[PDB]
Each structure stands twice: as C-alpha cells, then as structure tokens.
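The structure appears right after this line, and notes come after that.
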Protein chains: 2
Amino acid sequence: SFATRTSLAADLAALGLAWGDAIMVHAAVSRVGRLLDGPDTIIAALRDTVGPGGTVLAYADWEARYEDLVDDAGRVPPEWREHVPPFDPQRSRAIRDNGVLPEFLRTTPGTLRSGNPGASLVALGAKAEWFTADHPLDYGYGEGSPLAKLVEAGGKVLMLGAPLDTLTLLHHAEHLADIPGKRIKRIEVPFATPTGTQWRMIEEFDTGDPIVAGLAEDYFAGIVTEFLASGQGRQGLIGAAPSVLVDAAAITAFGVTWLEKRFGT
Amino acid sequence: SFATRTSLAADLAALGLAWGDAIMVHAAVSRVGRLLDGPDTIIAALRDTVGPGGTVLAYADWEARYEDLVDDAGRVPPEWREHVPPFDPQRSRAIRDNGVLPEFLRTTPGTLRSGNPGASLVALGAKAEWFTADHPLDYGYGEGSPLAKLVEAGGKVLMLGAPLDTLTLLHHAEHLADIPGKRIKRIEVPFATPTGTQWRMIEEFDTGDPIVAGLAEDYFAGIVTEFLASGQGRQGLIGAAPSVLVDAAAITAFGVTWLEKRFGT
Ligand SMILES: NC[C@@H]1O[C@H](O[C@H]2[C@@H](O)[C@H](O[C@@H]3[C@@H](O)[C@H](N)C[C@H](N)[C@H]3O[C@H]3O[C@H](CO)[C@@H](O)[C@H](O)[C@H]3N)O[C@@H]2CO)[C@H](N)[C@@H](O)[C@@H]1O
Ligand SMILES: NC[C@@H]1O[C@H](O[C@H]2[C@@H](O)[C@H](O[C@@H]3[C@@H](O)[C@H](N)C[C@H](N)[C@H]3O[C@H]3O[C@H](CO)[C@@H](O)[C@H](O)[C@H]3N)O[C@@H]2CO)[C@H](N)[C@@H](O)[C@@H]1O
C-alpha cells in the first residue's frame with residue numbers, strides 16, 4: 001500500500017533513468033500515491049538511481065508576489081521598494097505553483113540554487129556547482145543557462161505525473177526558436193548583496209505566455225505528445241503516477257523545430 | 001493591500017510582543033492576508049520584534065506516516081523496518097497538519113530542531129541551543145522538555161489566527177496535571193546515527209487525544225477561552241488575523257489547575 005524509496009527507484013530504472021544521469025524532475029506528488037516519507041521519498045529514489053555521479057534538478061523560480069505593483073517600465077514604485085523582499089539564492093523560497101517538490105529539493109542539504117531568480121534551478125549532486133554557476137541575469141532561458149547546460153550535458157527530463165505543459169525546458173526551445181513576433185518581458189528585481197539591497201532590470205522572452213501569438217496557453221503539452229507519438233521518449237508508471245522521460249537535447253531540438261515549422265522562415 | 005514585514009512587526013508590538021521575548025507561534029498563514037514574502041514575512045516580523053536577544057519557536061513534530069503499520073506493542077513489523085525513513089533532526093520534515101510555518105521556520109538558516117521526533121520544537125535565536133538541547137525521548141512533553149524550558153524562561157505563545165486547540169503547550173499542562181486515568185502512548189521510532197539506523201521505544205502521555213476520558217477532542221480551545229475570559233492574555237489583529245498572545249507559565253498553570261479541578265483530588 002505504501003510506495004517506498006526502494007520501489008520508486010525500481011520504477012525509475014524500468015522507465016530508463018540511468019546511473020550517472022543528470023535528471024530534471026517535474027512532479028505531481030499527489031499522483032505518486034501514499035509515500036512513507038512524503039516528497040522526500042521521491043528525491044531519495046532519484047538520488048539512489050543516478051548514484052553519486054548523477055545530479056537531480058528542479059525548476060525553482062521565485063516566490064515574488066510584488067509584480068502586481070510595477071508600473072509601465074517594470075520598476076517598483078518608490079513607496080514599495082523597501083518592502084519587497086530581495087532575492088537571496090540561498091534563502092528565497094522556490095515557487096510552489098506546480099507542487100512542493102522544488103522547495104523540498106531546495107531545502108535538502110547540499111542543494112545549490114542558481115542566481116537568476118525567475119529562471120532559477122536547484123541542483124543536487126555531482127555537477128550541482130556547474131549547473132547553478134554564472135546564471136545570466138538577462139534572457140535566463142537561453143545561452144549559458146542551466147537549461148542549456150542540461151542539454152549540453154546530455155541530461156534528461158522526467159514528468160512524474162505532472163501536466164506536460166509544465167516542462168520548463170521548452171522555454172529554452174522558445175528562446176532558441178528563430179521565429180518572428182516573440183514576446184518580451186522586462187521587470188525590476190531586488191538582489192541581496194553583502195553591502196545591501198541592489199536593484200537591476202531583467203529582460204527575457206516572456207515565459208508567462210506562449211512565445212508568440214496564436215498558441216494556446218498549454219501548447220507545450222501538444223509538443224510533448226507529438227514527441228512521444230513520434231516514437232521518442234519513454235512512458236511508464238512511477239509508483240501510481242503515469243510518467244514521461246525524455247532526453248533534454250532531443251525534446252529541445254524537437255521544440256525548436258516545432259516552432260520554426262509553424263512560424264518564421 | 002499587502003501586509004508587510006514592517007506592518008506585521010507593528011501589529012506584534014501593539015499586541016504585547018516585546019524585545020527579547022522567547023515567542024512560540026502557531027499560525028494560520030492564510031488568515032494573515034496577502035503577504036509580500038508568504039510565510040517568511042511572518043518569521044521576519046517576529047525576529048525584528050524580539051531582536052537578537054529573543055528566540056522564535058514553533059512545534060515541528062515529525063512527518064512519519066508509518067504508524068498505520070505498527071502491531072500491538074508499538075513496534076514495526078520486520079518486513080517494513082528497512083523502509084521507514086529514520087528520524088534526522090536536521091533533515092526530517094516538520095509535520096504540516098497545522099500549517100507550513102513550522103517547516104518554513106525549520107528550513108530558515110540558523111534554526112535548530114530538538115531530538116524527540118514527535119515532540120520536537122524548532123528554535124531560532126539567542127537561546128536556540130538551550131531550547132533544543134537534550135530533549136528527553138520518553139515523556140517529551142514534561143520535565144526538561146523544550147516546553148518546560150519555555151515556561152522556565154518566561155516565554156510567550158502566540159496564536160496567529162490558528163485554532164485555539166492547537167496550543168501545544170497545554171500538552172505540557174496535561175503531563176503535569178495530577179489526575180487519574182491519564183492515557184499513555186508507546187511506539188517504536190527509528191533514529192539516524194553516524195553508525196546506522198538504531199531503533200528505540202518511546203513512551204509518553206498520549207497527545208493524540210485528550211489526556212483523560214470525558215473531554216471533547218478540542219477542549220484546549222475552551223481552556224484558552226476561559227483563560228482570556230479571566231482577564232489574562234491579550235487579543236488583537238496581526239495583519240488580518242485575529243490573534244491571541246499568552247504567557248507560557250500562566251497558561252500552563254491555568255491548564256493544570258483546569259484539569260486538577262475537574263478530575264482527581
Ligand atoms: N497566462 C497569461 C499570462 O499570465 C502571466 O502571469 C503568468 C506568469 O507570472 C507565470 O508564468 C510562469 C512563468 O513565470 C515561469 N517563468 C514559466 C512558467 N512555465 C509559467 O507558468 C505558467 O504557465 C504554465 C503553462 O500554462 C502553467 O502550467 C503554470 O501554472 C503557470 N503559472 O504564471 C502566471 C500565470 O500564467 C501574466 N498575468 C500575463 O502575461 C498573462 O495574464
Ligand atoms: N483524535 C483521535 C485519535 O487520533 C489519533 O491520531 C492523532 C495523532 O496521531 C495526532 O495528534 C497530534 C499529536 O500527534 C501531536 N503530538 C499533538 C497534536 N496536538 C495532535 O494534533 C491532533 O489534535 C489536535 C486537536 O484535536 C488537532 O488540532 C490536530 O489537527 C490533530 N492532528 O493527530 C491524529 C488525529 O487526531 C489516533 N488515530 C487515535 O488515538 C485516535 O483516533
């Protein structure tokens with residue numbers, strides 16, 4: 001009745017997760033079933049499967065509800081500046097819009113968190129320092145980003161019962177896609193430094209909506225479904241959760257080509 | 001529209017929380033209102049109000065769902081032993097049955113957590129080491145426990161919009177109450193040691209139900225209401241949350257006397 005650390009690791013191996021993999025996980029912890037240790041069983045099983053040479057990653061983002069108050073150029077009105085909690089990669093909470101597992105991973109001892117607040121990833125394992133180092137603050141879903149390093153390292157992405165449109169890596173595909181009409185987001189962000197709070201503008205392609213017009217809000221799920229329909233990736237149960245496992249470089253290139261075929265030239 | 005770290009600290013001062021206090025908080029974060037930093041705003045405001053000489057505490061307990069499998073003497077059947085995650089005071093999650101604030105406090109850098117799993121408290125501040133040191137593993141709600149040290153240190157308890165029957169300190173009153181028919185709980189618990197997992201039986205008065213028969217499940221709230229009705233404690237809003245602040249020694253002695261008057265001799 002209880003899914004365990006041992007049984008989940010067996011399900012992960014049967015799905016294709018391998019010793020030494022860098023694995024990025026999107027989880028719906030409720031769908032996994034009754035767990036003896038809650039979400040930490042999932043983290044433990046992932047670490048056991050990849051071993052000390054692997055790395056476990058998740059999309060952390062940043063719990064910053066102050067974006068309801070910015071004006072027209074993305075900056076904070078001066079009566080609110082001293083009240084917005086600044087971003088600390090070691091202390092700021094991961095966003096919980098898509099489950100508690102990122103925050104659970106972030107607070108696991110040894111986990112590192114990258115410096116771009118909205119695009120931050122958490123990494124736990126062999127390559128955690130490299131995955132989270134020198135995150136570019138502008139266009140943090142593109143070159144030199146942790147999502148680009150996951151593709152370069154030959155990483156994988158696991159949708160552990162999570163909706164397929166929550167696959168963060170496809171934002172890296174939107175960034176790379178050579179198409180016109182790509183939407184942009186600008187916002188001012190507070191950073192915590194050893195000398196006090198310092199502000200900075202952030203520019204990036206808007207990941208709060210489809211990269212261009214004419215796309216449904218959940219169009220990432222259709223891209224994943226077509227990817228699986230083409231015979232790529234792997235499906236199977238992780239505990240009680242229907243899960244999907246895909247290669248990071250493959251799904252990224254598939255996402256770029258999916259966009260460059262319907263738009264641009 | 002946004003309750004802030006500054007405005008919450010002002011509400012806490014108006015309620016009676018003082019510089020240097022050791023404060024134990026039970027919070028219903030939803031009732032506080034819209035917060036710029038989520039639960040961490042509450043933790044920050046409490047720390048600002050008590051200053052570096054104060055201490056912030058919460059009831060952590062332990063997320064251990066394995067108690068559905070124990071037999072008659074409280075022990076784990078041998079086919080489940082290696083699957084139960086052992087208790088690590090630095091890694092085990094705080095229970096989330098009564099809100100996320102204990103876990104948020106537990107994962108705040110510098111917070112310490114005591115050694116008795118089911119009765120564990122988290123403490124952040126000047127006296128954190130003393131509050132969490134040498135927690136007796138048997139009858140962890142009594143002598144030498146963190147709840148006893150809060151009374152001895154002249155601490156306070158803040159019900160920040162939380163239901164009044166979640167006041168953990170009244171379990172210390174149940175332990176001290178010289179009354180007959182007090183119910184007992186025994187359970188086997190796994191501990192993580194530098195040499196591997198070690199098991200141990202735990203005995204204590206059962207805090208999963210009223211200490212004796214004839215009491216409603218929520219009878220702590222009536223004790224708090226009578227305490228406030230007698231002109232003790234303080235009421236007021238913390239943000240949008242109706243809150244109660246009480247002296248730890250006073251509410252403990254009131255709880256003991258409440259029990260010794262209706263039962264025993
Ligand atoms: N979706 C409509 C847009 O939502 C924007 O706000 C959105 C963003 O703040 C945020 O979008 C995040 C994004 O920040 C983050 N960097 C990437 C992440 N995939 C997005 O996630 C969002 O979109 C996905 C897919 O629909 C959902 O699964 C997720 O729950 C949703 N929050 O979530 C909000 C809800 O979508 C703005 N209100 C405006 O541009 C517009 O209303
Ligand atoms: N309440 C009935 C009892 O619940 C027991 O299980 C209970 C315990 O495991 C646990 O009780 C915890 C206790 O562990 C912990 N050390 C102290 C804490 N105050 C209690 O909390 C419990 O009681 C309070 C008041 O009703 C509730 O506010 C709280 O949500 C509830 N979980 O919560 C469970 C639900 O009450 C057993 N099932 C059995 O003895 C009996 O069914």
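Starting from 1 in every chain, residues are counted up; chains themselves are A, B, ... following the order of the structure tokens, and ligands are numbered from 1 as listed.
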Discussion item. Residues within 10 Å of residue 241 (chain A), please, as a list in words. Count only C-alpha atoms; anything in the same chain fewer than 2 positions from it doesn't count.
Written reply: residues 27, 28, 29, 30, 31, 32, 33, 159, 160, 161, 162, 236, 237, 238, 239, 243 and 244 of chain A
Fill in: At most 10 Å from ligand 2 (only C-alpha atoms and all ligand atoms): residue list as a PyMOL selection string
chain B and resi 59-62+64-65+67-68+95-99+117-120+140-141+162-171+183-185+204-210+216-221
Discussion item. Can you tell me, as number ranges by chain, which residues in region 147-252 of chain B count as alpha helix (DSSP H) by DSSP?
Written reply: B: 147-152, 169-176, 219-229, 248-252
Discussion item. Could you tell me which residues of chain A sit within 10 Å of chain B when counting only C-alpha atoms, and give me the result as a PyMOL selection string?
Written reply: chain A and resi 2-7+34-41+63-67+80+82-86+90-93+104+106-109
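Of the listed residues (A:179, A:121, A:253, A:259), A:121 comes nearest to ligand 1; the distances count only C-alpha atoms and all ligand atoms.
Considering the residues B:214, B:242, B:142, B:74 and counting only C-alpha atoms, residue 189 (chain B) has its shortest atom-to-atom contact with B:74.
With only C-alpha atoms taken into account, the protein and nucleic acid residues at most 9 Å from residue 233 (chain B) (excluding it and anything under 6 positions from it in its own chain) are residues 227, 244, 245, 246, 247, 250 and 251 of chain B.
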Those residues with C-alpha atoms, as a PDB file, in the first residue's frame please?
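Output (again_18.pdb):
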ATOM      1  CA  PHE B 227      -8.096  31.989  30.283  1.00  0.00           C
ATOM      2  CA  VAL B 244      -4.039  35.647  20.957  1.00  0.00           C
ATOM      3  CA  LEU B 245      -0.859  36.185  22.998  1.00  0.00           C
ATOM      4  CA  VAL B 246      -0.386  34.469  26.371  1.00  0.00           C
ATOM      5  CA  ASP B 247       2.346  33.996  28.964  1.00  0.00           C
ATOM      6  CA  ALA B 250       0.439  31.439  33.203  1.00  0.00           C
ATOM      7  CA  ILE B 251      -1.395  29.356  30.595  1.00  0.00           C
TER       8      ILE B 251
END
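We find CA of residue 53 (chain A) and CA of residue 126 (chain A) to be spaced 5.2 Å apart.
Of the listed residues A:222, A:181, A:54, A:110, the one whose atoms come nearest to ligand 1 is A:222, with distances taken using only C-alpha atoms and all ligand atoms.
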Practice prompt. Just list the residues in region 15-196 of chain B DSSP gives strand (DSSP E or B) on the backbone, as a PyMOL selection string.
Written response: chain B and resi 22-27+35+55-59+87+112-113+121-125+156-161+184-193+196
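Here the question is which of A:129, A:103, A:21, A:174 gets nearest to ligand 1 using only C-alpha atoms and all ligand atoms, and that residue is A:174.
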Discussion item. Give me the residues near residue 23 (chain B) as JSON, numbers by chain, where near means some atom within 7 Å (using only C-alpha atoms) and where sequence neighbours in that chain fewer than 6 positions away do not count.
Written reply: {"B": [55, 56, 57, 155, 156, 157, 158]}
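In terms of minimum interatomic distance to residue 144 (chain A), A:114 ranks closest within A:122, A:114, A:225, A:14, counting only C-alpha atoms.
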Tell me which protein, DNA and RNA residues are within 7 Å of residue 256 (chain A), counting only C-alpha atoms, leaving out same-chain ones fewer than 4 positions away, and put them as a PDB file with N, CA, C and O atoms, in the first residue's frame.
ATOM      1  N   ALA A 173      13.609  26.079 -25.614  1.00  0.00           N
ATOM      2  CA  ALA A 173      13.319  25.912 -27.034  1.00  0.00           C
ATOM      3  C   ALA A 173      12.709  27.178 -27.624  1.00  0.00           C
ATOM      4  O   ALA A 173      13.050  27.573 -28.744  1.00  0.00           O
ATOM      5  N   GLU A 174      11.805  27.825 -26.882  1.00  0.00           N
ATOM      6  CA  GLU A 174      11.226  29.083 -27.342  1.00  0.00           C
ATOM      7  C   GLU A 174      12.295  30.152 -27.518  1.00  0.00           C
ATOM      8  O   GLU A 174      12.252  30.932 -28.477  1.00  0.00           O
ATOM      9  N   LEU A 176      15.488  29.689 -28.267  1.00  0.00           N
ATOM     10  CA  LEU A 176      16.309  29.357 -29.422  1.00  0.00           C
ATOM     11  C   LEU A 176      15.556  29.465 -30.741  1.00  0.00           C
ATOM     12  O   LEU A 176      16.193  29.616 -31.788  1.00  0.00           O
ATOM     13  N   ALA A 177      14.227  29.389 -30.717  1.00  0.00           N
ATOM     14  CA  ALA A 177      13.457  29.314 -31.952  1.00  0.00           C
ATOM     15  C   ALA A 177      13.603  30.598 -32.759  1.00  0.00           C
ATOM     16  O   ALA A 177      13.303  31.691 -32.268  1.00  0.00           O
ATOM     17  N   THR A 252      14.414  19.466 -26.742  1.00  0.00           N
ATOM     18  CA  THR A 252      14.718  20.856 -27.061  1.00  0.00           C
ATOM     19  C   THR A 252      14.738  21.073 -28.569  1.00  0.00           C
ATOM     20  O   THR A 252      14.089  21.991 -29.082  1.00  0.00           O
ATOM     21  N   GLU A 260       9.708  26.546 -35.465  1.00  0.00           N
ATOM     22  CA  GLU A 260      10.215  27.070 -36.728  1.00  0.00           C
ATOM     23  C   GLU A 260       9.450  26.550 -37.938  1.00  0.00           C
ATOM     24  O   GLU A 260       9.593  27.117 -39.028  1.00  0.00           O
TER      25      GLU A 260
END
